[PDB]
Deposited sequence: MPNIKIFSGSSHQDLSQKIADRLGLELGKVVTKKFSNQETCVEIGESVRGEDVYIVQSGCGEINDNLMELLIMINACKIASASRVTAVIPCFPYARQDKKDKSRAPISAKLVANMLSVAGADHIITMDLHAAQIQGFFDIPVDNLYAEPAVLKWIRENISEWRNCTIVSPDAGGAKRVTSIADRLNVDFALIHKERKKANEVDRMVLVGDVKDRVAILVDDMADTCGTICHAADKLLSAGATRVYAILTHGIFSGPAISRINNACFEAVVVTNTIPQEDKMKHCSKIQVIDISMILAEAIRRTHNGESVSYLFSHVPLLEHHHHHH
C-alpha cells in the first residue's frame, strides 16, 4: 500500500529510509536525453497507493527539481492515491522574499510547481524560514535536526556547559538563541558591515559553536571563525543541518581553525568527507523514515520535533 521511490544517482538516503521501513525502493526507469532533458518511467503500478518520492542529491539543483516534478506528475496521472514529496533540503528556500529588489520569490514558485505537479503533502527538514510552509495550501511537515544537534553537542563537547552558540549573521539570531536557551548557555551574533565583521555577545575564553541552517561556499562560516578566534574563543565548532559544501568549501574548512564541522545526512557527504577529516555527519534517515511511516499510519509526526 505504501511505495517509496528515489531520484537520480543518489540513493544513499533513500535506501536508508526504505530499509528502516522494511521496503525496497520502487522500480523507476531513468534515461537522460540530449541536453539533460529528464526522462522518467515508473517501473511498477502505483494505482491507489500512498506514494513517497525522496529528492535526489545530485548537486545540480535544477535537474533534481525537474526530475522530482516529473516523477510526481507520472505517479499522479498513473492514479496514485496520494503523492508526498520528501525534500530534506528545500530547493531555492533562501529565495523567499524580494528583499528590496525586483527579485523573484523563487521558493514560492517552487511550492507552486510542486503543487501543480500534483504533490499532496510535503516533508522537509529545517526550512530556511518557517514562513515557507505558508507558500503552500497543501500540508507541510517541517522536521528539526535540533534535538539531534543538541544531543551531539552534549556528547562531543566537554565544555558545553559554558559554551556560546554563535550565529554567522544577523539573520540567524532566532536559530541560535533557541539552541542557546535549551542548553542554558550564552549566544552571540556576528554581522558583516553591509567589509569588517562585528560581534556582539560573550565568547571570550570559551568554546564557540557556530550554528546555521546551511553553508555553501563557507566563506561566511570561515570568516566568522577567524573573528571568533580574535575575540578570544577557545575552540570554534560549526554545526549545519544542510551542508551544500561547494566550490572552496572543502579546502576552506580544512584551512580553517574549525575543531570540527557537523552536518546532517540531508545532502550526500560521502565524497566530501574523504577530503575533509574534521567533518562529521548526523544521520537523519531515521527521522525521515519515521515521519513517512507516521504520515502513512496517520500517527503524530510532531512527536519527532
item: Unmodelled intervals of the deposited chain, in order; value: 1 to 2, 197 to 202, 314 to 326
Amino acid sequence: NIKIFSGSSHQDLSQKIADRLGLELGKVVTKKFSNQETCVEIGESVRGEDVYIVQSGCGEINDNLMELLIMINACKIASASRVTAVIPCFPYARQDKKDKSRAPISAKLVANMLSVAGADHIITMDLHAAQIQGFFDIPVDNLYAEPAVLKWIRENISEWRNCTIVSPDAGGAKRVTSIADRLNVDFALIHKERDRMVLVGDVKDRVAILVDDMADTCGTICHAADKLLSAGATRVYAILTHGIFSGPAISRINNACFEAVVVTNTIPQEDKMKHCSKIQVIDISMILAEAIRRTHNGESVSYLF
From here on, numbers count along this sequence of modelled residues.
{"query": "Comparing 266 to 274 with 47 to 55, the one whose average Cα B-factor in the PDB entry is higher", "finding": "266 to 274"}
{"query": "Stretch with the higher entry mean CA B-factor, where the candidates are 151 to 159 and 86 to 94", "finding": "151 to 159"}
{"query": "Candidate residues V166, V116, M71, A233, the one whose C-alpha B factor the record puts highest", "finding": "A233"}
{"query": "CA B-factor placement of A256, once the chain's modelled residues are sorted into thirds", "finding": "highest"}
{"query": "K108, C-alpha B-factor rank within chain (lowest, middle or highest third)", "finding": "lowest"}
{"query": "Modelled-residue ranking by C-alpha temperature factor, third containing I190", "finding": "middle"}
{"query": "Record-listed C-alpha B factor of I42: chain third", "finding": "middle"}
{"query": "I279 - which third its CA temperature factor falls in, relative to the rest of the chain", "finding": "highest"}
